[PDB]
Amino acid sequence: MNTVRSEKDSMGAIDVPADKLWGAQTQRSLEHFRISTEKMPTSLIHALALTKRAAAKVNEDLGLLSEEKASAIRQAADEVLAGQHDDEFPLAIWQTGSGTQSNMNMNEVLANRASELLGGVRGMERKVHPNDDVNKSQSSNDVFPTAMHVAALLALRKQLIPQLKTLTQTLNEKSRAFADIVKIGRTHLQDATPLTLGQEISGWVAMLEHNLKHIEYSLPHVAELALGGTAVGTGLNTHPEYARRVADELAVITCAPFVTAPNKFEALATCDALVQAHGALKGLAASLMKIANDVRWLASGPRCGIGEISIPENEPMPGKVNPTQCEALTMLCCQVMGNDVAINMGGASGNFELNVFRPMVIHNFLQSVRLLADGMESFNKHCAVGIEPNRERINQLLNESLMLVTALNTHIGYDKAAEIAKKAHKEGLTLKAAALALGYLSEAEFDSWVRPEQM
């Protein structure tokens, strides 16, 4: 739409596209921060809406906002949560470090929309006001950090954790299924003492189980909300019950254990909870990287690699099956590693009463959660559930190795066993061929003595 609407702020009047619900400040920001293409994540936008919804309810309960105006704001916020206004938030991540502009973006959209809901119109003759009504009892300083934690906790609890548990379950099933399949162990990439495929997979299971607990330990700090601290953390210009009531409200509507932050100065001046929470995520990324690598190496081939297992072929060189799910997963693990550094730098850069590196920190944090959650889901349904052992190949490898010589010790002694190993190695023979060539035992004895199952 070419038609414009004249909106205004303390700085003056500016043209806003008539079909849009934002106002003067969002338009100004849009024109001053034309940097790259990253915008606020949808999850953050919804968290901001939830925060405004909660603030409105509590403001009403405290007699600070009229029932009609408060309910209108609440209704407008719900539409945002329903995905009806995703096109109303054009601001880039690369804006003011406190997230003031996106806060104002939400205030303007909710004000113009709530006005219409009250039979009013959008624009300068609106019934609901962005600052006086929608931003009542708040500050960009405590609102943005709150939206950050709401989005972070819900994403961890609703997306990440469920996917982690699911992948763990699948791997545990595979572990039990292949409990009796003996294969060659590998240390330093060299042939080593045997172990079952089930034991090897149990290692991946234990890794995921440990990662779960680590992630769980980081949740309580993220559950702490800054709302109520206002500009510098002192809570100036708020009702003494506000901070507690707004935290309770958010907890009730999200069904998540949110609590008001015991120290508002720590809450506004840092991104510590997220720096720590992300620490657990980079840990999971390192674990997932190793699991994904084991899978693709073990599945390498079909003729010139290891080929101990086969994975589902999901796309259209005969047996050439590229482990694409493993590639997507390893790539995103590197991404999480890089994201941790950006977050660490932002988190260590707070100054006095406020950390102004927030949009960047939340951009990286939510991205890591999306990548990890979707990555595990994709890897699970498109790879893990279909992992199958190549029994023939596994057995062939076992029988060609020199690592089973240990079973001969108790029968013919160490010296003779080592001699057989040496001969086989120097002459390129199997242990059986060497043992028989030397005449140290019969084939029947070899077959009875070297049972990999007793590793």
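Throughout, rigid core stands for the largest set of C-alpha atoms superposing within 1.5 Å between the two forms. When you see a residue number, it is the position in the sequence shown, counting from 1.
Novice: Hey, after superposing on the core, which one moves around more in 4 other deposited structures of this protein, 410-418 or 52-60, CA-wise?
Specialist: The stretch that sits farther from the shown form in 4 other deposited structures of this protein is 410-418.
Novice: Once everything is fitted on the core, do the CA positions of 423-431 or those of 26-34 lie farther from the shown form in 4 other deposited structures of this protein?
Specialist: Most displaced of the pair in 4 other deposited structures of this protein: 423-431.
Novice: Does the deposited sequence hold unmodelled residues between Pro316 and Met317, and if so, how many: none, 1 to 3, 4 to 9, or 10 or more?
Specialist: In the deposited sequence, 4 to 9 residues between these two have no coordinates.
Novice: Can you tell me which stretch has the higher mean Cα B-factor, 388-396 or 65-73?
Specialist: Comparing 65-73 with 388-396, the higher average CA B-factor belongs to 65-73.
Novice: If you take the mean CA temperature factor per stretch, which one wins between 148-156 and 358-366?
Specialist: Comparing 358-366 with 148-156, the higher average CA B-factor belongs to 148-156.
Novice: Specify which of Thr37, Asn59, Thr26, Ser43 carries the largest Cα B factor in the deposited PDB entry.
Specialist: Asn59 has the highest C-alpha B-factor of those listed.
Novice: Check the PDB entry and point out which of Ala418, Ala424, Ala407, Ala47 has the largest C-alpha temperature factor.
Specialist: Top of the list by C-alpha B-factor: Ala407.
Novice: Sort the modelled residues of this chain by their C-alpha B factor and say whether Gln276 lands in the lowest, middle or highest third.
Specialist: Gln276: CA B-factor falls in the lowest third of its chain.
Novice: Mind checking which third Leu236 falls in for C-alpha B-factor across the chain?
Specialist: Its C-alpha B-factor belongs to the highest third of this chain's values.
Novice: Going by the entry, which third of its chain does the Cα temperature factor of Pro262 land in?
Specialist: It belongs to the middle third of the chain when residues are ordered by C-alpha B-factor.
Novice: Lowest, middle or highest third of the chain for the C-alpha temperature factor of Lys136?
Specialist: Highest third - that is where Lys136 ends up once the chain's C-alpha B-factors are sorted.
Novice: Grab the CA temperature factor for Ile291 from the record and place it in the lowest, middle or highest third of its chain.
Specialist: CA B-factor rank for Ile291: lowest third.
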